[PDB]
Amino acid sequence: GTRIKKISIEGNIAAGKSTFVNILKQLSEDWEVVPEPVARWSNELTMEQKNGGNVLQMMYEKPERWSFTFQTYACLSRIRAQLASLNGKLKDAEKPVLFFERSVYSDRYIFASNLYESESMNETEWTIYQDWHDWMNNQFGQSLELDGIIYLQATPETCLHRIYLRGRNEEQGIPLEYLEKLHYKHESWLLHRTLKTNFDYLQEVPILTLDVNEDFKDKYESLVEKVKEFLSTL
Amino acid sequence: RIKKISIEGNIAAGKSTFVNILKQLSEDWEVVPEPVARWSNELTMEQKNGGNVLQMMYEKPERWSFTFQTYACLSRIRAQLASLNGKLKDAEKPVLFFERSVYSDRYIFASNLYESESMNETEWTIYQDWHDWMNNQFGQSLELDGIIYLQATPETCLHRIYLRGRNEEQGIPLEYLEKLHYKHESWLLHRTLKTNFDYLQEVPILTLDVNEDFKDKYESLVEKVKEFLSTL
Ligand SMILES: CCCc1sc(-c2ccc(OC)c(OCCF)c2)nc1CSc1nc(N)cc(N)n1
Ligand SMILES: CCCc1sc(-c2ccc(OC)c(OCCF)c2)nc1CSc1nc(N)cc(N)n1
Ligand SMILES: O=c1ccn([C@@H]2O[C@H](COP(=O)(O)OP(=O)(O)O)[C@@H](O)[C@H]2O)c(=O)[nH]1
Ligand SMILES: O=c1ccn([C@@H]2O[C@H](COP(=O)(O)OP(=O)(O)O)[C@@H](O)[C@H]2O)c(=O)[nH]1
């Protein structure tokens, strides 16, 4: 609650997070966005951006070799970009809100978790990652800890179509069944609420859930109405 | 007020033996063993993780070097914190002796592995980026007051690996020891090597010749440490 509110936008690949955050950011000078490091890698530029494309391209080619390296770097860059904007942006605001394109928790409990369950990380890779994940996200008092979560809910089919509409040459190859396992794990943690995390407060952190199957680029008012209503109870 | 002194040197050159001798000499003197050495042997998940990843590292360094280097250093950083925030309370003249450092992690072993092609440019540039920042947020109060360099030849070292009897190590060739030997000379003797940590340019170094056996004859090495600490 102090002082900038921190909300994560969560949803499957191409569910629409980046459209929706670009939408939200224009609606209030009190609202700003921290976009996904991985989402920018997918496109001279900087060191991380250089590294990102490489590990991203290698992740696509042989994920059982690169998942640990990709995951730990994706998480670091996220922690870096969020911490930066936390003090950086929104210095003068009555009601400041930082929207995150995904969280350190999706990094682990959706993406890293699935890669493990899918045999792209062996047990020692998953234990090392989790250990590294703990120690560090436990070094941050209550600073990146979220006040809420906006789950952008979709079908894997909507997500499959919106990948080809997006037209990322490497992403075209992502299968429907992959989207499904990620989808199932999103529903699990956010909607059904099965998944237990190693972070205590998460079971109590408010969750707003939004079906986004219908194109919203021209018709977002009801969505944004649900954003504003949710933010006034936190 | 706690003084931080890193003890550096090649494998088997005698570092653990040294700090073990030193810790017994003063209530005010404490020690942080290097985690890789802890794994180089019930216990914890770190031991389990480090046990497994060291074995992997021995079988296929080209696959496991990045992961291993990330984990060796995170485990060290943490180990050094728990000493600094829970040991030497609240002595008159505290000195904590780290067995190696995050600098020897990066500028000796990780660099050496990249030169020997066990990491590619991506891995090494990811590691350094990781290293420049993991130290920044979490590892600031770990800044070194001084460094002690235990200097022994690669042959001395091969003999000592033989003496120590770790069978996992009994296949480490002379050649490898010879590599790590150069890395230390350029950093700690010739003082050539440049780093991104600028305080590490000033840092006082003391060099000690440990080619002769010292388990029953260390009094003159300890005098130089005591002298070196007073200059600080
Ligand atoms: C969508 C771009 C990033 C990629 S690429 C990828 C992938 C690519 C090829 C694959 O098989 C050939 C693959 O299968 C993994 C094994 F099932 C995953 N998964 C992913 C998702 S893992 C991930 N972790 C994060 N922490 C963040 C994030 N955005 N994505
Ligand atoms: C003492 C056991 C740790 C090992 S194992 C190892 C190694 C073993 C077998 C190898 O070839 C098959 C090998 O080859 C490297 C490429 F020539 C390295 N190097 C090392 C040194 S890497 C290291 N990094 C650290 N950061 C710390 C530390 N103590 N050691
Ligand atoms: O209502 C929508 C939402 C998204 N998109 C498109 O779907 C693709 C994927 O959306 P986005 O990149 O925002 O998904 P993310 O991966 O960020 O969740 C993009 O080309 C969007 O332009 C669309 O046509 N209509
Ligand atoms: O002066 C010495 C130094 C070392 N050693 C032996 O060399 C082996 C390796 O030394 P240590 O474990 O201290 O080396 P490190 O790897 O820590 O530098 C040990 O079994 C010691 O008993 C010795 O006998 N005399």
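Order of listing sets the numbers, starting from 1, for every ligand and every atom in it. Here is how names work: the chains are called A, B, and so on, in the same order as the sequence lines, proteins then strands, and each is numbered from 1. What you see below is based on every heavy atom in this structure, not just the backbone, and it leaves out hydrogens, waters and symmetry mates.
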Next item on the list: Using non-hydrogen atoms of the residue, decide whether B/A13 is closer than 4.0 angstrom to ligand 4.
Entry: yes
Item checked: Spacing of A/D107 atom CG and A/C75 atom SG [to the nearest 0.5 Å] -> 4.5 Å
Notebook entry, point to check: Taking any residue with a non-hydrogen atom under 4.0 angstrom from an atom of ligand 2, which ones do you get?
Noted result: B/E34, B/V36, B/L54, B/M57, B/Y58, B/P61, B/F68, B/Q69, B/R100, B/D105, B/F109, B/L113, B/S116, B/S118, B/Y176
Item checked: Residue B/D213 vicinity, atoms of ligand 4 by number, heavy atom under 4.0 Å -> 1 (O), 2 (C), 23 (C), 24 (O), 25 (N)
Checklist line | Test item: side-chain donor near acceptor, B/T70 and B/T67, under 3.5 Å | finding: no
Check: Do A/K185 and A/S113 meet the criterion of a side-chain donor-acceptor pair at a distance under 3.5 Å?
Finding: yes
Notebook entry, point to check: Who gets closest to atom 15 (P) of ligand 4 by heavy atom: B/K215, B/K15, B/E99?
Noted result: B/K15
Next item on the list: Answer with yes or no whether B/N10 contacts ligand 4, where contact means a heavy atom under 4.0 Å from a ligand atom.
Entry: yes
Next item on the list: Please say which of A/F140, A/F68, A/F199 ends up in a ring pair (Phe, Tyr, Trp, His ring centres under 6.0 Å) with A/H133.
Entry: A/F199
Notebook entry, point to check: Any luck finding a side-chain donor-acceptor pair between A/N51 and B/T122 under 3.5 Å?
Noted result: no
Margin query: Under a 3.5 Å cutoff, is there a donor and acceptor pairing between the side chains of B/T125 and B/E123?
Written below: no
Note to self: Applying the ring pair (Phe, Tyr, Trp, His ring centres under 6.0 Å) criterion to B/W124, which one of B/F109, B/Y114, B/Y107 satisfies it?
What the structure shows: B/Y114
Next item on the list: Please indicate whether any nitrogen or oxygen in B/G14 is less than 3.5 Å from any nitrogen or oxygen in ligand 4.
Entry: yes
Margin query: As a check for students: among B/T17, B/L163, B/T156, identify the option with a heavy atom nearest to atom 19 (C) of ligand 4.
Written below: B/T17
Next item on the list: For the pair A/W41 and A/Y73, name the ring-plane relationship: parallel under 30°, tilted 30 to 60°, perpendicular over 60°.
Entry: parallel
Next item on the list: Could you tell me whether some N/O pair between B/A12 and ligand 4 is separated by less than 3.5 angstrom?
Entry: yes
Check: Going by atom types only, do A/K181 and A/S118 share a side-chain donor-acceptor pair under 3.5 Å?
Finding: no
